[PDB]
Structures are given as C-alpha cells and as structure tokens.
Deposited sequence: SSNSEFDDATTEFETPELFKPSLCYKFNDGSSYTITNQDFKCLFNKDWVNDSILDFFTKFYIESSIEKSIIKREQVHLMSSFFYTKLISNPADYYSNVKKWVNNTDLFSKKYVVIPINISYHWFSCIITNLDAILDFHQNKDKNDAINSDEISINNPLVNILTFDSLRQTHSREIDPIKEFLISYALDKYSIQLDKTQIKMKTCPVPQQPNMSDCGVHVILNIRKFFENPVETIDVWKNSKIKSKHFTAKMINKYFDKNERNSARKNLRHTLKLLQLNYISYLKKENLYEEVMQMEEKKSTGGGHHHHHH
C-alpha cells in the first residue's frame, strides 16, 4: 500500500504526485518509470540548491519528456519543442540536465559552458550511461537543438563543431532495467559537487583504464549501487509518511482518501 499518493511541494512552487503505480517500479529490478525518475532528479537537484552547493539560477532541469518530444518528428527538431522552451534562458545556465529515455534504456547528459557562449569556447555535453555504450547518434539532436535555440533566443550563430559530446565514465552494470536507478544516482552525485565531478570526468584518460575504473567506482559509490533501489523506496516511503502526518494534522486525510 502506497496510499494516499505522495504529493510533494518543492521550493520553486512545483508539485509532484507519486502514485503506487509509480512507487512499485522500485521493487526487484523493474524498469524505472518517468514519474520516479523525474521526481528524484528534481529532488536531488533541489537538495543541492538547499545546501548552497549550487545556486538556483545556475541549473535547468528538463523533464524526461523533453528529449522524447525533441526527436518525435525528426523533420524539424526545434519546431517540436519551441513551445516547450518558451520563456527559457538556457544559455545563462551552468548546467542543463537532460535525462534520456529510449526503448526502455535510461541514460543522461548535462550541458556545460553555455553560460560562456553568451559572454563571448567549447560546449560540452557530458553524457553518462551505466551500459557500455556511446551515444553520438542520440546526442546529435541535442547539438542541433542548441544551434537553433541560440539563433532563436539570442540571434547567435553557433557552430556545431563548437559542441562536443564527452562520454563520461560512471559505474557500469549491464542490467538495462537498472539504468534508471543509475541515472538518478549519477545526477545526485554530480550535484553534491559539480566542479569536482567535472574534473573527475575530464581527467578520466590520464591514467590506465584499470586505475580509472577504480577511481570512477569509488567516486560514484559503486559499492552502494546494489542497494540504491531500496534506499530510493525508503526515501519515498518516508516522504509519504510525513505527508500522511500532515494530512491528518490538517484534518484533510479523510477527504483525500475518499477522492
């Protein structure tokens, strides 16, 4: 039982509802659905903002549906998401976070250095995947998005060769259905210290593949990944219990259960 559904309010006024249908994917090794993943990427970035690790204005988090909308009609990537990005200002962000959901395979990228383009310089799309794969083909639509975005919002002519996909090492584990859990924890780790994480990835080719694997596995707490699913359940379950306490304090519990 995960009832009533969790209703969580973030400090930017946004509200998320997590139902039992969403919560139950955190059992066994079920595919992590969009609700769980978008909630937790939001959750851990807000935590980073609360701790003053980053400032709110430095980060833009896309929901997982952005990329799917982007490529829904490849005759014109930008037209697909033009309304989506109305009244955004992505090139003032230090970190633009884009989780990617393709054929039940989760991975993610983080766009850096956009805030250096306006002042003007290489845009780095930091792409990380728990499977042993590189994503040139899937990141290319994001390159074209950035070029069109730059022209549309700032009248800037942005050269594609200024935009580089960087394959960033994170713990690897071949369960595709665990990929959503790795995305959550990789993003979470990044925003406990972005500058340091960027440096770890940047220097991932200085030492041998074996030295780097140990370094990457330690930095990203690979030894805890086996239990990550359970810890996410405990976090949600706990957030729900506090919500129930709130509902019972305000005498709203019966109304919500009825509805």
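Where C-alpha coordinates are absent, the deposited sequence of this PDB chain has the segments 1-17, 138-156, 296-310.
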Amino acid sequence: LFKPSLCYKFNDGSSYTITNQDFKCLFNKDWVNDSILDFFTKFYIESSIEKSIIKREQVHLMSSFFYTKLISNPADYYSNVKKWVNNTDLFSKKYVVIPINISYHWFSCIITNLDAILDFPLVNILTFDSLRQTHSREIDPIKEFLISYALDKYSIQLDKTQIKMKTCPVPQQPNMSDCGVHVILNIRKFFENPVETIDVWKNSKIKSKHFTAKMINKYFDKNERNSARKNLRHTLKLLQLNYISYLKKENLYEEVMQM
From here on, numbers count along this sequence of modelled residues.
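Mean C-alpha B-factor is higher over 153-161 than over the other stretch, the pair under comparison being 177-185 and 153-161.
Just going by the entry, 70-78 versus 96-104 on mean CA temperature factor gives the higher value to 70-78.
Based on the entry's C-alpha B-factors, the most elevated value among 117, 90, 146, 109 belongs to 117. Remark: residue 28 belongs to the highest third of its chain, ranked by C-alpha B-factor as recorded.
Remark: residue 124 belongs to the lowest third of its chain, ranked by C-alpha B-factor as recorded. The entry lists a Cα temperature factor for residue 218 that places it in the middle third of the chain's modelled residues. Ranked against the other modelled residues of its chain, the C-alpha B-factor of residue 133 as given in the entry falls in the highest third. In the deposited entry, the Cα temperature factor of residue 210 places it in the highest third of its chain's modelled residues.
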